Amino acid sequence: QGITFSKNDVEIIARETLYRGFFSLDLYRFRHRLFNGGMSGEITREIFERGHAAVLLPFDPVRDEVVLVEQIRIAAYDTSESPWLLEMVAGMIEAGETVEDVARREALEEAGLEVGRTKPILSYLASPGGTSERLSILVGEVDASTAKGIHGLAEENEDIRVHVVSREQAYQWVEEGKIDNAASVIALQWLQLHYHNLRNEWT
């Protein structure tokens, strides 16, 4: 039957900026209905506010190939063998921009790729106990033979290497833990569940 309560059932009293820099950390102060029939007291939660993202799975349906991008993610350092990760094309959505416009711009800047047809995959909350970030994933039709080399915007300290693999190879890398960031895991699991119909639609 689904969830129990709606926005009618919670009041955000205030939000307090705990840190303001490139990103923000806010204290949300709120009350909400309880499953037992009552109202909570005032609850506070620290929430990391960093905007929202567009993610592109670049899929070549003729060749059954996936384009990955490699770059350092320093936050991965403490729990990973290397901070260089294999990821999906992705970037932050600015005010007034569409998910698909960001995906196309990032595909060109990060992988030198033009994108043909697109379809939505899924839009997800990265970690909603502590961050508001939502990421909207699209699959985009590409010619993987045009995906190669070193990209990224140097002026933003963005250094990116393109890798092309077969779809099955990419999914094996997920199973083995060689690809282990949420956006790429979600996109490539979706692709494993939908590739037959998608290849038929696009060929």
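Sequential numbering from 1, following the sequence displayed. Each form is matched to the other, and the largest set of C-alpha atoms that superpose within 1.5 Å is called the rigid core.
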Name the stretch that deviates more in 8 other deposited structures of this protein: 140-148, or 43-51? Use RMS CA distance to the shown form, core superposed. 140-148
In a third or more of the other entries compared, is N36 missing its coordinates? no
In at least a third of the other entries we lined up, does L68 end up with no coordinates? no
Mean C-alpha B-factor comparison - 107-115 and 92-100, higher one: 92-100
Quick check: 123-131 versus 76-84, which has the larger average CA B-factor in the record? 76-84
Out of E176, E141, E70, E49, highest CA B-factor residue: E176
Largest Cα B-factor, entry values, listed residues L56, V165, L153, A53: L153
Check where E11 lands among this chain's C-alpha B-factors and tell me if it's the lowest, middle or highest third. middle
The third of the chain into which the C-alpha temperature factor of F22 falls is the highest
Lowest, middle or highest third of the chain for the C-alpha temperature factor of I43? highest
Which third, lowest, middle or highest, does the CA B-factor of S136 fall in along this chain? lowest
Could you look up the Cα B-factor of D159 in the entry and say which third of the chain it sits in: lowest, middle or highest? highest
